[PDB]
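First the structure, in the form of structure tokens, and then the observations on it.
Atoms within each ligand, like the ligands themselves, are counted from 1 in listed order. Reckoned from all heavy atoms, side chains included, excluding hydrogens, waters and symmetry mates. If you read the sequence from its start, that first residue is 1, and numbering goes on from there.
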Amino acid sequence: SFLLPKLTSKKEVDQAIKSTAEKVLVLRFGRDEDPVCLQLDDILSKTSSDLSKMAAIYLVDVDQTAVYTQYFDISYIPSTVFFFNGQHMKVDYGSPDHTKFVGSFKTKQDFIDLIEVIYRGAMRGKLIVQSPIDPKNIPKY
Ligand SMILES: OC[C@H]1O[C@@](CO)(O[C@H]2O[C@H](CO)[C@@H](O)[C@H](O)[C@H]2O)[C@@H](O)[C@@H]1O
């Protein structure tokens, strides 16, 4: 749906990691009212439907649960994490941190292209993939 599911506890995140099968699990750690989160959530919402065969997207409330925030070394929101069949996926964006995407995507198409790459690699058994996004479009922060 356009109004993506919210996860508000550790147990709910645990469960989404386990329950999302054969698709990229997208976990957006943020706050729904935060300006950069608003930007990113618009892209996640608007692309969710046409990505529905490849990805399941969730909005994770960092103000109601924080176990995972420490686990992924999240200092800035939004931070977006990718999983496939229960295992964390890394992506090389051209920055040192491959474990999470920090900030918002420049365009819808960048997110789409990224998911395509993650999905294909994950389906081939890979755990780390190369981002297809032009570095000029990667938030620098
Ligand atoms: O240890 C350096 C060696 O690691 C590779 C991945 O095998 O890339 C990593 O190190 C680069 C240089 O520090 C980083 O820019 C990159 O993000 C990181 O994955 C090699 O390409 C590199 O030679």
- Do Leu7 and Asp61 have side-chain heavy atoms sitting under 4.5 Å apart? no
- According to the interplanar angle, ranging from 0 to 90°, do the rings of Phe29 and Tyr68 count as parallel (below 30°), tilted (30 to 60°) or perpendicular (above 60°)? tilted
- Query: Distance below 4.0 Å between atom 19 (O) of ligand 1 and any protein heavy atom?
  - Reply: yes
- Would you check if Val60 and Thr65 make a side-chain contact, meaning some heavy-atom pair closer than 4.5 Å? no
- Query: Does atom 9 (C) of ligand 1 have any protein heavy atom closer than 4.0 Å?
  - Reply: no
- Message: How far is atom 17 (O) of ligand 1 from the closest protein heavy atom, and which atom is that?
- Response: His98 NE2, 3.1 Å
- Item | Any side-chain heavy-atom pair of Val91 and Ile118 under 4.5 Å | yes
